[PDB]
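K.L.:
Structure provided below as structure tokens; questions to follow.
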Amino acid sequence: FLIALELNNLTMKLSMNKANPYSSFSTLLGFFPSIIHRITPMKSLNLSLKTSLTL
Amino acid sequence: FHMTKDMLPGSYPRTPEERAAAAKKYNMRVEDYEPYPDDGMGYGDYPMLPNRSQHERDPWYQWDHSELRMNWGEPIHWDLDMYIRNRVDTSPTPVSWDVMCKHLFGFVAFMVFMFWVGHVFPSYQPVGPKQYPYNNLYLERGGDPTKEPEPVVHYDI
Amino acid sequence: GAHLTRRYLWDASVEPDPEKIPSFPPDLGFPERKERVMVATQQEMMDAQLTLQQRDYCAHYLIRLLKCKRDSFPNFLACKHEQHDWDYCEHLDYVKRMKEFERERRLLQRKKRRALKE
Amino acid sequence: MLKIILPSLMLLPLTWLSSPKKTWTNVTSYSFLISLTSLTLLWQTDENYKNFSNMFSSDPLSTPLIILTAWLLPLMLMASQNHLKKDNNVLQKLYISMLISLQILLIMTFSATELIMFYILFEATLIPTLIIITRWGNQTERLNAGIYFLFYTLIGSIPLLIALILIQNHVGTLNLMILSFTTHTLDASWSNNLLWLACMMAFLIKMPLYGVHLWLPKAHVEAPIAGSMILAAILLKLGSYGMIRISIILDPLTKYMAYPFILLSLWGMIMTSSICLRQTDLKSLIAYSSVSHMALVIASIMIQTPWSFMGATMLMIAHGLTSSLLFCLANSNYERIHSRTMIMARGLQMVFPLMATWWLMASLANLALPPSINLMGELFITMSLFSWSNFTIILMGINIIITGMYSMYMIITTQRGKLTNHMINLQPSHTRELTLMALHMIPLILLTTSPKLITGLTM
Amino acid sequence: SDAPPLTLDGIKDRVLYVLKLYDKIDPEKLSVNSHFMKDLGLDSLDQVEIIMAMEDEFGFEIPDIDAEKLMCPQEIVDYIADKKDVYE
Amino acid sequence: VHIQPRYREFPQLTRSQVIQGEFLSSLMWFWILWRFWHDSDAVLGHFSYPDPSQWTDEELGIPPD
Amino acid sequence: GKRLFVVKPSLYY
Amino acid sequence: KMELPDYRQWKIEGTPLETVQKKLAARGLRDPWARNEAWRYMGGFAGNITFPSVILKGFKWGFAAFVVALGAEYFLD
Amino acid sequence: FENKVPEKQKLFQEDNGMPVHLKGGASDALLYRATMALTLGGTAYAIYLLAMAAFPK
Amino acid sequence: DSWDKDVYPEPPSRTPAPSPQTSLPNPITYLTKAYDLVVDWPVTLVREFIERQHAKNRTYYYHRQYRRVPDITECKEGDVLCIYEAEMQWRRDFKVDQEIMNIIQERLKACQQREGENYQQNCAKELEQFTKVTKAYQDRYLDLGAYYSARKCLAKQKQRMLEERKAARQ
Amino acid sequence: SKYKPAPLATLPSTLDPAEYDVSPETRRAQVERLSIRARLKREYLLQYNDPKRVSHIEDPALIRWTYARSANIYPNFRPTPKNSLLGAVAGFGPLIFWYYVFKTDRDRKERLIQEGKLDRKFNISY
Amino acid sequence: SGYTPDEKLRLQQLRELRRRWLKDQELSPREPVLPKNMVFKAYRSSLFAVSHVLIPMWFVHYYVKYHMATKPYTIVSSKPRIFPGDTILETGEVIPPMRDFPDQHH
Amino acid sequence: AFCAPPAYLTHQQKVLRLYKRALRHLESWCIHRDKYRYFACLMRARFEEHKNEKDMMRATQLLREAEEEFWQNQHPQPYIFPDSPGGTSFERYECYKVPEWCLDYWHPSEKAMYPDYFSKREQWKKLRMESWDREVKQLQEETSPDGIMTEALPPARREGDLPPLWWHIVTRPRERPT
Ligand SMILES: CCCCCCCCCCCCCCCCCC(=O)OC[C@H](COP(=O)([O-])OCC[N+](C)(C)C)OC(=O)CCCCCCCCCCCCCCCCC
Ligand SMILES: CCCCCCCCCCCCCCCCCC(=O)OC[C@H](COP(=O)(O)OCCN)OC(=O)CCCCCCCCCCCCCCCCC
């Protein structure tokens, strides 16, 4: 509670900080939704159409 | 209907006249029209539209097919049933794809390695085993009443 | 605690793992060690339906706590004294286990001292 | 069985002597009466199979197929009586005659005690479904699709015939019960392997097994609605019934000859479900789903386990009902939009709430929702396949995941989403087709309530 | 109950309120049809900030093409009324 | 029930919401201090974990040397 | 007041 | 109808917006949206909300009920 | 080992009012918070221990 | 009750006497007395009305029995008449054995639910009975196939006798 | 410190280098692209807003896409070494692999049943 | 740039026809042309309890006694807890008490 | 949404779009209002001090550099309005915006439930027929024989005329239909 309170006070403080990969990783959900939900359906549907049906 | 073979899709274009006819059929400019390479996969004269999903299209524009975000009469991608908004997205991300792969794989490998570290270095309390009576509950765990077990004897301390 | 630090940093020969407890015979150092005794028996434990995890040496305090609950089912804030009694018996059992651990740790240190003296 | 066969035969003079304004009503009512009459075969108080005559018998496996056919015929007339309003009276009566003739020949097929009679009625059912798919199909390649269907079935059925007269010469009578009692163990030679393949490949063709299944999707695209019903709900199940009846005299060499077709069926259901994911045509997508379910039926019958036989029987009945229902929904959309493209009509949940409810219930039956007979059959096939080999569960898991995926993709892209507002020709609903949807779903609910009727031979 | 409907008079009053609170536009020369460059002396960046303030005030955004077409509060009012379907 | 919308000042606070909110908050705090007064086993327990180092060799039963 | 007509499909059938 | 407040009441003094304004005037810039954004720091919204004032809300009434309950328990026993 | 002092210097003449002992970003703020919580937390532990020694069991 | 303890055994219930130490009333007892008076009495009244209507119109039905035809071991091969009779007898005995296994499984489930946490000790005889009938069922009926038959069961039993006879040689 | 795109994370249209080095040829190319887009939009809008229309608007793009994805593949297919190798492996390799794993699993099971080291606990209904 | 005069005149005409269409979306006061309360405790919470609770209670209690207890192993329950000092209602013996509890520290 | 995009985006349009997007991402980062106002004034000062550029090749280079900086410093989860695309409430009532042509397919009982509204609807349909014929003639006249063509549409150029293709704009369903 106290660490997050201090950090929220820092966000209240008038200064912009450089974004870091830790906060990017946390905000983008660990990159699991983007990475997995793009690489698994694309390979699955590409394998389906370009191998099973067509080929 | 009134659909005939001349504007229905056909064979792979060879001559520049046939390429221009295919572009006119598909409602594209001659320079913009580009068929799939002639490797015999059945693509024919169907154009190689850029492999971008329908999320790239302008969402504020009043598209003719609003769910598909496409107009009427423009050529359809070969993989529209992949690239609809309910499916695979190719949208630009705020961080690079290789960066996301590296960070996710590094996090997973780091957690696996520290779980192995904690497994080979377990944490416990400075205690002995749990004390149980009656030969460590021989009869109640389903032991044979006829067969007498080894006497597990416990002592005070 | 500090036992983990002494095991994983200083030395593992004198700091024991919790699986080979005891690793020494009970007669070693105790000239007459008496057997442990409990109040409850198998018949009343089976009648009152204690689970196999809780059939330890505080079963009788557990039986009084359960009898308290079953008799005074209304006003569930009334079983506090025998709840504390069962908790204190669990404390006695837990510090007995700590006594066992500390004893065999010092016995391992004594064995190392014997090896060095040899 | 004659008390069901004769009035179904007398339906043809009813059709050809009815008034033009009373033909559909009379034939639908009397075919419902035929179904009610055919319901009397469920009076089975003991294991003695109802051998009514020297050429006709009823069986715990044959009875659900006969009842399904007799129930489907009035539903066939209901579905096909809307796209024949702009048509000649003699051609309408001819189409009704084709459906009635199919229904008659299928009852005799499932009730036949003789495998030669079974083959004769097999090709007798092959003929009028060809006539239907070729004459009353819509666009051009109905003819070529019928050519695939006919000649796949014929090249399958010919070695079955050769093996049938060979078995008759070796044994003496070819009667099913006599073969079942005086079954002889084969000595496992290459000639016996060829005999097994000859008597198996007909049903393998008309299941359809993977690789030889090319006739089915274009046939279901190109057929009318009654043709889609007859194939996807009766004829594949006829192939499986023939497989079950012929497999009893093929011990012991089926235990090692079953190896390639089990693998073909498992990989075939996975790849056809992947096609259903990447498929742009609704009727062909339902056809490939039918291919996957019949691949499961092949896997159960070839592993030849009593749970596998029960699971095959419930998958037969459940898949026939739900495939006819799915084809009815696709046909209703097709008569609305004059197109079969899956992506053209999207927001039909808006305009048709009750039809979208029927869509959802049909797809839930398709993806094996409990406690329906679909998941009962699928789960018992899964348990028997895991008994046969523990590693089949991966193939089962992939197939089930993709099955749920294509069913829910169907619902999402055909009902949910923004409505295509350019589609002015959206009539609200027909009481006829809604009645058809209810008459498809309600027997599924009843068979879910009582699954003991469709157990089969084993248990 | 909740979310009271918008009015033409309310939309006009709110956009005039925002433009009055903006400093470079003195409120006495401000009118409902005063042009941003012709008789208000603003530029494209000032129009951009005005548009984002109207978006923040009304809770919905204006797309970029329509936003750069809107050039005085009269069609600002007209665009908001059209998008929220405010007819009276 | 219904209240008037106001443009940029503080809304009018009905008595029901403020009294019920402070009642719920005060009920929570009263419950916390009541349990903390009667059964304060959230801190240290009431069990006083012994120090194993001061345990003697005689009661631990190790042989002397 | 101010009741507005709501657009619905033909649910009568 | 919904009457509007008088925009001229939206002054700027006693506000972090003048903190920003002084910081900008030190650099040499002017912020024209200060009067538009000044309504969030005036009137009923003018007050520094603190975490003790959020968590400890109703704590004195809870303490009053607690000591009354202790007095009742002591009088009963 | 390159020269990054002159870029680090201009991260120290910001006239934002942030003091010199917190001007290094957020990391020194967390170090400030941790040392402020642990000298005091140590101090309360020391005073408690001196009191425990002063009042024996 | 149409069931009997000879084939559905059940130990007698040993409920304890209530000993209310507290002075508060028991809402469970109050609610069950009220529930009895408001629900159980009209339900049992209409049930006695229905049962007296049953007694006014009482009918009887009988359990069918089949005599023992000679087994398939004395049936000549190819003579489909006696083979069919023995096959129907075998199918009936198969169904009877299936319901026997169902009875044993229900008994085991009842034992486990009744004993609760003492099921490891008190259900030893029930688990032993289940194991014995399981071993007998596996030895007589397993691995027959989908087309199980009296001939297949006889072949399996003959193979088992030959292998146990060869094991009995040494 | 540069954004690296992907086929699944494409490069932004505001970040591509092909736009800042723009040419009159590219500008006019976009001009006729807008002209064709406007012509198609005008045709669809006329057909959409015609009140005499009593049917759905047929889409030549949908018809062409469906025929290209359904019926043109075998007329436009030519056997190459590459697609023959790909079809052979995609039609046989999974079958051979699953055959091998099933045969070893079933051989292990049958041998264990035969020589007795696999005990069936309560497998009575298989 | 701003609105071209072609679009500026078009939009005001489209907006003007939009107000007319939205005004016509209103309803006249006759729309639509369609073809013992006591208190909550005395009435509203009373008939619901005697119809949606009491009547289904009778049907359920009919089922769970004359169609469930008549079946062999439908309703099976674990044995109740038996402590020392208790008396069995069914059989009638008293369970003997425990031993002396040698430790009485707390 | 109500204006069709042109063939290409001009440099001024791209600069204004980048300015608006940068300010939106600035407020998403800043959260607090005074901090956002300060840094928005700073960004406006940056744009103003790069405004007076005459080379225009360096201006395109500055635009490219600013786009690279924006893409590096953008918020991973920027603030989106609920009605904006990608928002929480976007396309929420598309399940309720039923098109106006089902009212033709309504039953005569439901016709009689709303008499005055359907009379107004028939009046609108008659006006639609006449205006459709007139606007087909107008759009045929207005189309250039050859040359550049945009997606914009002409207005009505005489009294008693309606603008061409007005039906799907005028009779579009309400954004809050229920
Ligand atoms: C639909 C699938 C089509 C392809 C596969 C067809 C089946 C393949 C396996 C069976 C062999 C062929 C059919 C034989 C039918 C009779 C079998 C039988 O009775 O076996 C026992 C008999 C043996 O009789 P027997 O068992 O009495 O032998 C006497 C044995 N002693 C002396 C020890 C007692 O087998 C045969 O006679 C088989 C000979 C077949 C020769 C002709 C084959 C022609 C080609 C067939 C396929 C053509 C269509 C496909 C073409 C390609 C298309 C892409
Ligand atoms: C045989 C092959 C058939 C092939 C297809 C035939 C199509 C035409 C059908 C024509 C009519 C024939 C219907 C046949 C089944 C009728 C159902 C029926 O009455 O079953 C008997 C059953 C009582 O049987 P019983 O012996 O008690 O059950 C086994 C217990 N030992 O009775 C009952 O239990 C009462 C049933 C009616 C009461 C209403 C039941 C409502 C069920 C709601 C289910 C909700 C969940 C559904 C989930 C679906 C998921 C997709």
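Going through the structure tokens in order, the chains are called A, B, and so on, while each chain numbers its residues from 1 and the ligands are numbered from 1 in the order shown.
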Give as a ChimeraX atom specification the residues surrounding ligand 1 up to a distance of 7 Å, considering only C-alpha atoms and all ligand atoms.

P.N.:
/D:152,155-156,159-160,162-163,166,191-192,194-195,197-198,201-202,205

K.L.:
Leaving out segment 7-17 of chain J and any residue of its chain fewer than 4 positions from it, which residues lie within 9 Å of it when counting only C-alpha atoms, given as a list in words?

P.N.:
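Neighbouring residues, sequence-local ones excluded: residues 3, 103, 106, 107, 110 and 111 of chain J; 72, 73, 79, 80, 81, 82, 83, 86, 87, 88, 89, 90 and 91 of chain L.
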
K.L.:
Output the neighbourhood of ligand 2 as a ChimeraX atom specification, that is, all protein and nucleic acid residues with some atom at most 6 Å from the ligand, counting only C-alpha atoms and all ligand atoms.

P.N.:
/D:64,67-68,71,364-365,369,372,443,445-447,449-450,453-454

K.L.:
Find the distance between atom CA of residue 70 of chain L and atom CA of residue 100 of chain J and write it in Å to one decimal.

P.N.:
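Atom-to-atom, atom CA of residue 70 of chain L to atom CA of residue 100 of chain J, that is 20.1 Å.
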
K.L.:
Report, in Å to a single decimal, how far apart atom CA of residue 49 of chain A and atom CA of residue 278 of chain D are.

P.N.:
5.5 Å

K.L.:
Which neighbours of residue 12 of chain H fall inside 9 Å, counting only C-alpha atoms, when residues of the same chain fewer than 4 positions from it are skipped, and could you give them as a list in words?

P.N.:
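My list of contacting residues is residues 17, 18, 34, 35, 38 and 42 of chain H.
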
K.L.:
With N, CA, C and O atoms retained, export the selected residues as a CSV table (one decimal), in the first residue's frame.

P.N.:
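Produced file out.csv, reproduced below:
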```
chain,number,residue,atom,x,y,z
H,17,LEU,N,-3.2,24.9,-11.5
H,17,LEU,CA,-3.1,25.5,-12.8
H,17,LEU,C,-2.3,26.8,-12.8
H,17,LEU,O,-1.6,27.1,-13.7
H,18,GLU,N,-2.4,27.6,-11.7
H,18,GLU,CA,-1.4,28.7,-11.6
H,18,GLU,C,0.0,28.2,-11.3
H,18,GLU,O,1.0,28.9,-11.6
H,34,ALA,N,-6.5,27.1,-19.4
H,34,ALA,CA,-6.5,27.1,-18.0
H,34,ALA,C,-7.9,27.4,-17.4
H,34,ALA,O,-8.4,26.7,-16.5
H,35,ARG,N,-8.6,28.4,-18.0
H,35,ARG,CA,-9.9,28.8,-17.5
H,35,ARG,C,-10.9,27.7,-17.8
H,35,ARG,O,-11.9,27.5,-17.1
H,38,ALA,N,-10.3,24.9,-15.3
H,38,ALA,CA,-10.2,25.3,-13.9
H,38,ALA,C,-11.4,24.9,-13.0
H,38,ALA,O,-11.4,25.1,-11.8
H,42,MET,N,-12.2,24.0,-8.2
H,42,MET,CA,-13.0,25.1,-7.6
H,42,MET,C,-14.3,24.5,-7.0
H,42,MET,O,-14.8,23.5,-7.4
```

K.L.:
Identify, on the basis of only C-alpha atoms, every residue whose closest approach to segment 120-137 of chain D does not exceed 7 Å; exclude the query and any residue fewer than 2 positions from it along the same chain; express the result as a list in words.

P.N.:
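Near neighbours after the sequence-gap exclusion: residues 98, 102, 105, 106, 109, 116, 117, 118, 139, 142, 143, 146, 222, 223, 224 and 227 of chain D.
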
K.L.:
Take the residues that were just selected and, keeping N, CA, C and O atoms, output them as a PDB file, in the first residue's frame.

P.N.:
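Below you can see out_15.pdb, which holds the result:
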```pdb
ATOM      1  N   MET D  98     -40.166 -39.840 -56.074  1.00  0.00           N
ATOM      2  CA  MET D  98     -38.765 -40.182 -55.831  1.00  0.00           C
ATOM      3  C   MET D  98     -38.475 -40.282 -54.343  1.00  0.00           C
ATOM      4  O   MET D  98     -37.799 -41.218 -53.897  1.00  0.00           O
ATOM      5  N   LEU D 102     -37.450 -43.722 -52.402  1.00  0.00           N
ATOM      6  CA  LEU D 102     -36.268 -43.795 -51.549  1.00  0.00           C
ATOM      7  C   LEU D 102     -36.626 -44.320 -50.169  1.00  0.00           C
ATOM      8  O   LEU D 102     -35.971 -45.230 -49.658  1.00  0.00           O
ATOM      9  N   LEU D 105     -37.430 -48.106 -50.286  1.00  0.00           N
ATOM     10  CA  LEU D 105     -36.266 -48.949 -50.518  1.00  0.00           C
ATOM     11  C   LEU D 105     -35.312 -48.924 -49.334  1.00  0.00           C
ATOM     12  O   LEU D 105     -34.643 -49.924 -49.065  1.00  0.00           O
ATOM     13  N   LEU D 106     -35.276 -47.824 -48.582  1.00  0.00           N
ATOM     14  CA  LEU D 106     -34.428 -47.786 -47.396  1.00  0.00           C
ATOM     15  C   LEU D 106     -35.013 -48.620 -46.267  1.00  0.00           C
ATOM     16  O   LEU D 106     -34.262 -49.246 -45.507  1.00  0.00           O
ATOM     17  N   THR D 109     -34.141 -51.994 -47.179  1.00  0.00           N
ATOM     18  CA  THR D 109     -32.701 -52.171 -47.035  1.00  0.00           C
ATOM     19  C   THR D 109     -32.331 -52.474 -45.592  1.00  0.00           C
ATOM     20  O   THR D 109     -31.593 -53.426 -45.313  1.00  0.00           O
ATOM     21  N   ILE D 116     -27.453 -60.186 -50.178  1.00  0.00           N
ATOM     22  CA  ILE D 116     -27.708 -59.982 -51.601  1.00  0.00           C
ATOM     23  C   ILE D 116     -28.899 -59.051 -51.799  1.00  0.00           C
ATOM     24  O   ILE D 116     -28.862 -58.136 -52.635  1.00  0.00           O
ATOM     25  N   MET D 117     -29.964 -59.260 -51.021  1.00  0.00           N
ATOM     26  CA  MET D 117     -31.096 -58.340 -51.027  1.00  0.00           C
ATOM     27  C   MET D 117     -30.671 -56.953 -50.564  1.00  0.00           C
ATOM     28  O   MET D 117     -31.143 -55.939 -51.090  1.00  0.00           O
ATOM     29  N   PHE D 118     -29.758 -56.901 -49.591  1.00  0.00           N
ATOM     30  CA  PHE D 118     -29.203 -55.639 -49.120  1.00  0.00           C
ATOM     31  C   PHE D 118     -28.466 -54.905 -50.233  1.00  0.00           C
ATOM     32  O   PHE D 118     -28.622 -53.693 -50.388  1.00  0.00           O
ATOM     33  N   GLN D 139     -27.313 -25.290 -60.029  1.00  0.00           N
ATOM     34  CA  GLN D 139     -26.331 -24.769 -60.970  1.00  0.00           C
ATOM     35  C   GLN D 139     -25.692 -25.910 -61.766  1.00  0.00           C
ATOM     36  O   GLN D 139     -26.175 -27.045 -61.762  1.00  0.00           O
ATOM     37  N   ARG D 142     -24.010 -29.962 -60.991  1.00  0.00           N
ATOM     38  CA  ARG D 142     -24.804 -31.028 -60.393  1.00  0.00           C
ATOM     39  C   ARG D 142     -24.608 -32.345 -61.128  1.00  0.00           C
ATOM     40  O   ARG D 142     -24.552 -33.406 -60.494  1.00  0.00           O
ATOM     41  N   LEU D 143     -24.435 -32.288 -62.450  1.00  0.00           N
ATOM     42  CA  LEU D 143     -24.271 -33.496 -63.247  1.00  0.00           C
ATOM     43  C   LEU D 143     -22.956 -34.186 -62.919  1.00  0.00           C
ATOM     44  O   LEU D 143     -22.917 -35.398 -62.671  1.00  0.00           O
ATOM     45  N   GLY D 146     -22.965 -35.647 -59.465  1.00  0.00           N
ATOM     46  CA  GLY D 146     -23.670 -36.918 -59.499  1.00  0.00           C
ATOM     47  C   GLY D 146     -22.858 -38.037 -60.123  1.00  0.00           C
ATOM     48  O   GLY D 146     -22.983 -39.196 -59.720  1.00  0.00           O
ATOM     49  N   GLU D 222     -24.473 -29.516 -54.457  1.00  0.00           N
ATOM     50  CA  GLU D 222     -25.203 -29.489 -55.709  1.00  0.00           C
ATOM     51  C   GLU D 222     -26.600 -30.083 -55.602  1.00  0.00           C
ATOM     52  O   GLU D 222     -27.427 -29.849 -56.489  1.00  0.00           O
ATOM     53  N   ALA D 223     -26.877 -30.836 -54.547  1.00  0.00           N
ATOM     54  CA  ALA D 223     -28.151 -31.503 -54.366  1.00  0.00           C
ATOM     55  C   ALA D 223     -29.213 -30.523 -53.883  1.00  0.00           C
ATOM     56  O   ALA D 223     -28.894 -29.459 -53.350  1.00  0.00           O
ATOM     57  N   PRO D 224     -30.498 -30.859 -54.059  1.00  0.00           N
ATOM     58  CA  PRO D 224     -31.546 -30.114 -53.350  1.00  0.00           C
ATOM     59  C   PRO D 224     -31.541 -30.429 -51.863  1.00  0.00           C
ATOM     60  O   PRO D 224     -30.703 -31.202 -51.386  1.00  0.00           O
ATOM     61  N   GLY D 227     -32.181 -34.059 -51.117  1.00  0.00           N
ATOM     62  CA  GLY D 227     -30.986 -34.831 -51.419  1.00  0.00           C
ATOM     63  C   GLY D 227     -29.932 -34.722 -50.335  1.00  0.00           C
ATOM     64  O   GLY D 227     -29.301 -35.719 -49.964  1.00  0.00           O
TER      65      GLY D 227
END
```

K.L.:
Using only C-alpha atoms, I'd like every residue of chain M that has an atom within 12 Å of chain D; please write them out as a PyMOL selection string.

P.N.:
chain M and resi 91-107+168+171-173
